[PDB]
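*Asks:* One structure follows; several queries about it will come next.
Quick note: the coordinates plus some simple rules give every number you see, no bench work behind them. Please note: Cβ atoms are built from the backbone with ideal geometry, for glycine as well, and neighbour counts cover all protein chains shown.
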């Protein structure tokens with residue numbers, strides 16, 4: 001399935017199962033960077049990971065958010 005909107009509701013219930021490793025590997029399996037951008041910064045606290053995601057995606061919104069975060073901090 002290539003529908004990420006389905007996965008966006010599917011993965012929320014996957015946290016209750018307690019399979020953190022399975023959810024983490026399914027995030028890369030589905031390439032769900034949309035939640036990963038927030039999750040790595042908040043839960044994992046990986047600014048270098050955020051830079052890697054920005055380089056892989058080159059999204060204008062992600063670049064603007066990273067610039068705002070760098071200027072604020």
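*Asks:* Looking at residue 25 and the list (1) surrounded by 12 or more Cβ atoms within 10 Å (Cβ to Cβ); (2) within 14 Å of the chain's Cα centre (by Cα), which single condition is not satisfied?
*Replies:* (1)
*Asks:* If residue 49 passes every condition in (1) out of contact with any helix residue (DSSP H, G or I) (no Cβ under 6 Å at 6 or more places or on another chain); (2) in a helix (DSSP H, G or I) but one, which one does it miss?
*Replies:* Status for residue 49: all satisfied but (1).
*Asks:* Restricting the search to the range 40-64, which residues are within 21 Å of residue 2 (Cβ to Cβ) and within 9 Å of the chain's Cα centre (by Cα)?
*Replies:* Answer for the range 40-64, where residues must be within 21 Å of residue 2 (Cβ to Cβ) and within 9 Å of the chain's Cα centre (by Cα): just 53.
*Asks:* Follow-up question, since we're still on this one. Name the residues in the range 32-52 that are more than 17 Å from residue 8 (Cβ to Cβ) and surrounded by 16 or more Cβ atoms within 10 Å (Cβ to Cβ), would you?
*Replies:* Scanning the range 32-52 gives 41, 50.
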